[PDB]
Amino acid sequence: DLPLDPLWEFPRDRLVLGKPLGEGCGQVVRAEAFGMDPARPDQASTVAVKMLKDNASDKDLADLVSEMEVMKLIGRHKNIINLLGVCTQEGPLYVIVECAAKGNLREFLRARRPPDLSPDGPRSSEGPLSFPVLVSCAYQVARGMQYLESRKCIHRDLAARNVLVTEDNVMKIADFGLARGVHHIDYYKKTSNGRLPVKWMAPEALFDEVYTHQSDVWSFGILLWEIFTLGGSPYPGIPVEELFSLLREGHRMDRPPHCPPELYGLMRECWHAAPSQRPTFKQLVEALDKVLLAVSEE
């Protein structure tokens, strides 16, 4: 059956599968792994494991294998979900990646929105989220995307919900190696979560089925809006039908409340019609870095 890759192959009996982590289009499971670091063979670690759905066609198998091989080639970076190991021999196909304890960025932000709350303590009107951390989140997603771009990897669905947050609040770009079938997209279809993925698509991607890294930049611009709305849904109260014509008329989202003009400027820059007139991820990393270092250091 599948070829043995000793560099990545991990003994399946060293896995202890646990509770699911989400939906997927295979099954994702939180698992316990022993000896992932071969220097510490009896040391436990929490990982994420992707497997095949019950009654999976040969396509579902080919998709996961394809996704497995993409992650091998892209390599390691602190701001993406990294491949840890695989199980290809003598049993079902397992793909083992890093686990993000705090879930996706959208839920992270929404669950940490600021407080008519009865004031206790010295910091009652002080929410968990502060401006510099928000910028840091944006900066990390940018650096992560930059790495992917350098690996000639286009995400095609960059969004706050496709960014994962670790125990130490590190942003990791999720699901970057998926074959999402961009020729059969139901633009009207609303996900289980209530999301309309069409709201993250660049015009050249939506209208012309053209994806580039500049297409991801457009998406990143939408992600920027999500961050500083603390998990707000883009184009509020606009159904897909209206979004079509609005985008054709060149409509853009308004400046969100409590958002400095520097960042709304970057958003609008990412939403420039001409892809060449949008910033690169390298420029985004640099721009966001300047804002990050401009914080008051007491």
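Residue numbers run from 1 along the displayed sequence.
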query: Continuity check for residue 115 and residue 116, given as deposited residues lacking coordinates between them; finding: 1 to 3
query: Size class of the missing deposited segment between residue 25 and residue 26; finding: 1 to 3
query: Average Cα temperature factor in the PDB entry - higher stretch of 88-96, 178-186; finding: 178-186
query: Selected stretch [higher average CA B-factor]: 67-75 or 116-124; finding: 116-124
query: Options 261, 38, 250, 234 - largest CA temperature factor per the record; finding: 38
query: 195, 161, 172, 143, ranked by C-alpha B-factor: the highest one; finding: 195
query: Third of chain Cα B-factors occupied by residue 59; finding: highest
query: Assigned third (lowest, middle, highest) for the C-alpha B factor of residue 149; finding: lowest
query: Third of the chain, ranked by Cα B-factor, where residue 275 sits; finding: middle
query: Where the record places residue 53 (Cα B-factor, split into thirds across the chain); finding: highest
query: Third of the chain's Cα B-factor distribution that residue 215 belongs to, per the entry; finding: middle
